[PDB]
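Coming up is one lone chain in structure tokens, specifically the form deposited without this ligand.
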């Protein structure tokens, strides 16, 4: 493979999976590396540790440890990983970073990759009154129960729900009213992060998902020049229950369909089938997926030299490692 794993140090559960996912979001890696940790707290600055882990992921001939990162953002209780959803952790990281990049050349990168926009609306049936509010999303949580595939999800997601009888809409000046509330995508980000709502006690129901995911039709306008076809990039996987769970991520880091299994420290080549159909579920199955828009693929997954790291940085981390000298 050439790729190196991450250490299992405690119960980070999904963290390692998420870390790889992100570390192979190449345009974000370059961006992270650029972040100025020149005068940062070596111990408690998250943005620093995300440089360290990525550095070591790109250079370590041994499996990369994460203790310092888990410290930097301070999920150090007996349940602090299993009490949170995965996008929550993503947001933690992607926040700390997106900030540190403000007033830099690399400002605006996290949203440029992971942010898309939306409209939630409420429209009265009989009377004239509409409520349209736009929001930004960085990630999307699909309902799987009763859904066989990703399509049915995105159609469930844009389902124009009805508000009648015991739950009519307080239209204010118009009083309680019958109206329909839905959602509608305006855009979708280069990087499309999806979580499948398996927590409820874990649902293990079969939920199919494609390698190629056309999304133009859930948009309101489409783009002839830029269609919204997506390339499955990673598949975050879990298997077990409230007693024994275990986390694994499958990636094809180059968008070429050459898949790899990442079981923490152990990384191996695997089949398309192992990554995809074998994680449809029906107990060991996908809980989050990552998808790059086809057009932006080459950029997002731009390759990364060792000359894309500043020396200043490079030097600090090494001293820090060397000085890791124990008796």
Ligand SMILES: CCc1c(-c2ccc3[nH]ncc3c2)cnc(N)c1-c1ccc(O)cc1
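Positions refer to the first chain, counted from 1.
The next section is about a form of this same protein that is not shown, the form solved in complex with this ligand.
Open site. This ligand, superposed from its pose in the bound PDB entry, has no atom within 2.4 Å of any backbone or C-beta atom of the chain shown.
Checked against this ligand in the bound PDB entry, the candidates 123, 87, 187, 177 yield a single residue with a heavy atom inside 4.5 Å, and that residue is 87. Scanning 110, 235, 150, 231 against this ligand in the bound PDB entry with a 4.5 Å heavy atom cut-off leaves one residue, 110.
When this ligand is considered in the bound PDB entry, residue 288 lines it closely, a heavy atom lying within 4.5 Å. Among heavy atoms of residue 95, some come within 4.5 Å of this ligand in the bound PDB entry. Though the partner is left out of this view, residue 218 does not reach within 4.5 Å of this ligand in the bound PDB entry, counting heavy atoms only. Although the partner is absent here, residue 114 sits close enough that one of its heavy atoms falls within 4.5 Å of this ligand in the bound PDB entry.
Only one listed stretch (135 to 143, 251 to 259, 69 to 77, 220 to 228) carries heavy atoms within 4.5 Å of this ligand in the bound PDB entry, and that stretch is 135 to 143.
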